[PDB]
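Asks: This is the structure I have questions about; it appears just below.
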Amino acid sequence: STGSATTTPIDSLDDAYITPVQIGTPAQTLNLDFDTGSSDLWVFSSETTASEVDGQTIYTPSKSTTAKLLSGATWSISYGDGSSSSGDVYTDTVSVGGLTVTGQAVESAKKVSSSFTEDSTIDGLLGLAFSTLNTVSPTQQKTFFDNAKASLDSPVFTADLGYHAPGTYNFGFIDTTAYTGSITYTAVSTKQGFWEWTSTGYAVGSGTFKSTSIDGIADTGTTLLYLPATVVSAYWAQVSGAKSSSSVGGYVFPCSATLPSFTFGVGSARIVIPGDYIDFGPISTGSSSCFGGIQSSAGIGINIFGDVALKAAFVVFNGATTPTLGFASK
């Protein structure tokens with residue numbers, strides 16, 4: 001089997017991407033944030049504290065003839081950005097782009113933190129990291145991909161995120177028309193439960209390529225590109241007037257600037273992030289200080305190849321017995 005679904009930016013900055021997902025019988029369609037950096041499929045629901053729901057579409061398990069309470073199961077997650085959610089668990093039928101999994105753990109939120117409430121466009125998350133990170137207790141549950149894997153034509157999914165435009169998540173096949181040149185594959189460590197890999201280096205603008213190993217995670221659920229302070233400083237030094245602002249929470253730059261591109265290495269191959277992808281707009285409405293899309297990972301504890309990086313590529317998440325990651329230009 002295969003599936004194919006369009007993923008759409010939630011706003012004009014590509015802060016996140018939402019993909020429609022069918023849950024239950026009859027189908028209830030929710031717009032979920034597909035997140036290769038976590039492993040829980042959780043939704044706003046009829047059980048979510050009412051004051052914490054503000055415009056989201058909810059899953060109502062009592063209206064699904066295929067929903068079953070997973071007795072005794074609870075979940076609770078805290079994300080790297082400080083947000084969180086928790087609740088109980090149903091199993092139900094979940095379909096993405098024509099690909100159906102029966103008995104998928106659907107984690108129903110009883111509580112969500114303010115950042116979730118305040119984002120009316122995101123109805124929940126669909127985790128696509130390794131199932132070892134799933135938070136359900138006392139019986140850990142599998143991701144949608146893990147459940148689908150054996151039935152897929154090939155044990156893969158691909159992320160093709162757009163810049164200020166829709167893109168695609170495919171399951172079970174590689175669309176050879178969606179990228180240019182060849183796909184370069186690189187090793188993955190699953191030791192921390194992430195799609196963790198090692199970039200071979202970087203360049204800033206038209207500058208020379210610096211060969212240096214950068215361990216990090218391919219994370220569709222993180223907006224920006226978080227890299228070591230040395231790398232980030234070298235980038236922003238090429239933008240007149242750019243500076244790290246402790247009050248704002250990262251590097252800012254004059255909105256009048258033209259940003260240089262940023263290149264990262266995948267083996268001997270190179271992915272070029274155009275400068276415009278690194279512009280996250282005014283820090284507050286009307287400001288002439290703009291927020292940068294490349295930021296320091298110092299104090300995160302891990303480097304993160306988030307949407308800024310991934311949207312410059314066609315990315316293969318290869319879930320074969322030994323997982324790997326593939327990147328192509330597009």
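Letters A, B, ... mark the chains of the structure tokens in the order given; residue numbers begin at 1 per chain; ligand numbers begin at 1, in order shown.
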I need the residues of range 101-312 of chain A that end up classed as strand (DSSP E or B) by DSSP on the backbone, written out as a PyMOL selection string.

Replies: chain A and resi 101-112+124-127+137+156-160+167-171+184-187+189+196-204+210-218+225-227+243-245+250-254+262-266+269-273+279-282+289-292+294-296+303-305

Asks: Can I get the residues of range 110-160 of chain A within 12 Å of range 207-218 of chain A, each with the closest pair of atoms and their distance in Å to one decimal, using only C-alpha atoms, sorted chain first then ascending number, as a tab-separated table?

Replies:
residue	atom	partner	partner_atom	distance
A:128	CA	A:218	CA	10.6
A:129	CA	A:218	CA	9.4
A:158	CA	A:218	CA	11.8
A:159	CA	A:218	CA	10.4

Asks: Write out as a PyMOL selection string which residues come within 9 Å of residue 305 in chain A when counting only C-alpha atoms, dropping same-chain ones fewer than 4 positions away.

Replies: chain A and resi 216-220+222-227+309-310

Asks: I'd like the neighbourhood of residue 43 in chain A as JSON, numbers by chain, where a residue qualifies if any of its atoms comes within 8 Å (using only C-alpha atoms), though same-chain residues fewer than 2 positions away should be ignored.

Replies: {"A": [32, 41, 45, 58, 59, 106, 107, 108, 109, 123, 124, 125]}

Asks: Could you write out the selected residues, including C-alpha atoms, as a PDB file, in the first residue's frame?

Replies:
ATOM      1  CA  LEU A  32      -2.266  17.447  12.328  1.00  0.00           C
ATOM      2  CA  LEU A  41      -0.277  10.895  17.770  1.00  0.00           C
ATOM      3  CA  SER A  45     -10.855  16.070  21.600  1.00  0.00           C
ATOM      4  CA  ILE A  58     -11.885  18.036  17.958  1.00  0.00           C
ATOM      5  CA  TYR A  59     -12.000  14.256  17.810  1.00  0.00           C
ATOM      6  CA  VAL A 106      -5.025   8.002  19.202  1.00  0.00           C
ATOM      7  CA  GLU A 107      -4.026   9.962  22.278  1.00  0.00           C
ATOM      8  CA  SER A 108      -6.902  12.161  23.418  1.00  0.00           C
ATOM      9  CA  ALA A 109      -5.866  15.385  25.130  1.00  0.00           C
ATOM     10  CA  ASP A 123      -5.643  20.044  15.816  1.00  0.00           C
ATOM     11  CA  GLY A 124      -2.866  17.798  17.176  1.00  0.00           C
ATOM     12  CA  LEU A 125       0.432  16.099  16.312  1.00  0.00           C
TER      13      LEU A 125
END

Asks: Could you give me, as JSON lines, a per-residue list for range 129-160 of chain A showing, wherever an atom lies at most 8 Å from an atom of range 71-89 of chain A, the closest pair of atoms and their distance in Å to one decimal, using only C-alpha atoms and sorting by chain then residue number from low to high?

Replies:
{"residue": "A:135", "atom": "CA", "partner": "A:75", "partner_atom": "CA", "distance": 5.4}
{"residue": "A:136", "atom": "CA", "partner": "A:75", "partner_atom": "CA", "distance": 4.5}
{"residue": "A:137", "atom": "CA", "partner": "A:74", "partner_atom": "CA", "distance": 5.5}
{"residue": "A:138", "atom": "CA", "partner": "A:73", "partner_atom": "CA", "distance": 6.2}
{"residue": "A:139", "atom": "CA", "partner": "A:73", "partner_atom": "CA", "distance": 7.1}

Asks: Tell me which protein, DNA and RNA residues are within 8 Å of residue 103 in chain A, counting only C-alpha atoms, leaving out same-chain ones fewer than 3 positions away, and put them as a PyMOL selection string.

Replies: chain A and resi 91-93

Asks: With C-alpha atoms retained, write the just-selected residues as a tab-separated table (two decimals), in the first residue's frame.

Replies:
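The new file result-v4.tsv reads:
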chain	number	residue	atom	x	y	z
A	91	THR	CA	-7.47	2.92	19.50
A	92	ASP	CA	-9.21	3.75	16.21
A	93	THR	CA	-8.84	3.67	12.44

Asks: Excluding residue 132 in chain A and its own-chain neighbours fewer than 6 positions away, which residues fall within 12 Å of it when counting only C-alpha atoms? Please give them as a list in words.

Replies: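 My list of contacting residues is residues 37, 38, 39, 40, 139, 140, 141, 142, 143, 146, 190, 191, 192, 193 and 194 of chain A.
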
Asks: For those residues, write C-alpha atoms to a file as a JSON list (two decimals), in the first residue's frame.

Replies:
[["chain", "number", "residue", "atom", "x", "y", "z"],
["A", 37, "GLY", "CA", 10.97, 14.65, 16.19],
["A", 38, "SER", "CA", 8.36, 12.96, 18.41],
["A", 39, "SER", "CA", 6.36, 9.75, 18.53],
["A", 40, "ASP", "CA", 2.86, 10.45, 19.87],
["A", 139, "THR", "CA", 2.07, 0.06, 27.53],
["A", 140, "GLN", "CA", 4.08, 2.07, 25.00],
["A", 141, "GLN", "CA", 2.36, 2.47, 21.63],
["A", 142, "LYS", "CA", 3.58, 2.47, 18.03],
["A", 143, "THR", "CA", 3.61, 5.40, 15.61],
["A", 146, "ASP", "CA", 5.57, 1.84, 12.54],
["A", 190, "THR", "CA", 18.29, 5.64, 16.56],
["A", 191, "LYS", "CA", 19.94, 5.65, 20.02],
["A", 192, "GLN", "CA", 18.04, 8.74, 21.19],
["A", 193, "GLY", "CA", 14.85, 7.81, 19.30],
["A", 194, "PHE", "CA", 15.32, 10.47, 16.62]]

Asks: List the neighbours of residue 162 in chain A out to 10 Å using only C-alpha atoms; skip same-chain residues closer than 3 positions along the sequence, and give me the result as a list in words.

Replies: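 Answer for this query is residues 7, 8, 9, 14, 17, 159, 165, 166, 167, 168, 307, 308, 310, 311, 312, 313 and 314 of chain A.
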
Asks: Create the file for the chosen residues now, containing C-alpha atoms and written as a compact mmCIF listing (two decimals), in the first residue's frame.

Replies:
# COMPACT_ATOMS: atom_id res chain seq x y z
CA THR A 7 0.86 19.42 3.75
CA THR A 8 0.10 23.14 4.01
CA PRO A 9 1.86 25.96 5.91
CA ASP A 14 5.82 28.60 7.38
CA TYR A 17 2.69 22.57 8.39
CA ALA A 159 8.81 14.85 3.38
CA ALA A 165 3.56 26.84 -0.52
CA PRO A 166 2.01 23.42 0.00
CA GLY A 167 4.07 20.24 -0.17
CA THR A 168 3.65 16.51 0.26
CA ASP A 307 11.79 23.05 8.51
CA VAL A 308 14.16 25.81 7.34
CA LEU A 310 14.24 20.32 5.33
CA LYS A 311 12.09 22.44 3.03
CA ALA A 312 15.15 23.02 0.81
CA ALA A 313 15.24 19.26 0.11
CA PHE A 314 13.28 16.16 -0.78

Asks: May I have all residues of range 31-277 of chain A that DSSP, computed from the backbone, assigns to alpha helix (DSSP H), given as a list in words?

Replies: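 Selecting the alpha helix (DSSP H) positions of range 31-277 of chain A gives residues 114, 115, 116, 117, 144, 145, 146, 147, 148, 229, 230, 231, 232, 233, 234, 235 and 236 of chain A.
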
Asks: Considering only C-alpha atoms, state which residue in the set A:111, A:246, A:157, A:183 is at the smallest distance from residue 46 in chain A.

Replies: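 Of all the options, A:111 lies closest to residue 46 in chain A.
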